[PDB]
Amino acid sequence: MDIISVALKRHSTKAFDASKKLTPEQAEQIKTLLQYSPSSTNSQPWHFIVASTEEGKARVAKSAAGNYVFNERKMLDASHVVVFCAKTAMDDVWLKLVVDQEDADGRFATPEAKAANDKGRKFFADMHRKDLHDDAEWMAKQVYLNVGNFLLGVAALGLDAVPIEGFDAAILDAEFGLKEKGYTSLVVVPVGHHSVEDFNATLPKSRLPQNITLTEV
């Protein structure tokens, strides 16, 4: 159908069926969704852990303890589990990797246009690094943009999903060694198919009216 149908009909799944796996093609398509999300200046300030085995999901599920025990079941029972990570600092080696990938994909005709896109990236990166001191927050903002893109995308592939903020970030970071690699875990997204125990599957979707949230000029 159309994406409005998908947007109105998708939901946060509260229980997954562990026997209902992603097809081999959907498993590749969810990775394509992760990579091809936009970001500010194409900065792509992210890493993804995609857990598809029982071991790998159990390693992710260490993060759902303490206050966050209600999220353990979803991390273990979903087919694939995506951990969305931000960079800890925006470094010049990574700003170079972005410009040199844009070059190799053939986006600049002139070597002057290569320099003009590196300068434009630098003006944005240095605004957040040197002046406003919020580069961790700026990069995290892009990862959340990615999550939004990902949630509608997987729903349009006919897959179920739930975004999770309810996990321990220090525990997940320690398990995959993210801090020394230069990353922090932000959102965990289990993807798969819902079970009959998903009570949110049949409940109506609720949002604030547009006369509170939206102004037309």
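The first residue of the sequence shown is number 1, and the count goes up from there.
Higher mean CA B-factor, judged across 195 to 203 and 18 to 26 from the recorded values: 195 to 203.
The mean Cα B-factor in the deposited entry runs higher for 136 to 144 than for the other of 136 to 144 and 81 to 89. Take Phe150, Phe48, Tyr183, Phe70 and read off each C-alpha B-factor from the entry; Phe70 has the highest. Among the modelled residues of the chain, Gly158 sits in the lowest third by CA temperature factor in this PDB entry. Ranked by C-alpha B-factor against the other modelled residues of its chain, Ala64 falls in the highest third. Compared with the other modelled residues of the chain, the Cα B-factor recorded for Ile4 ranks in the lowest third.
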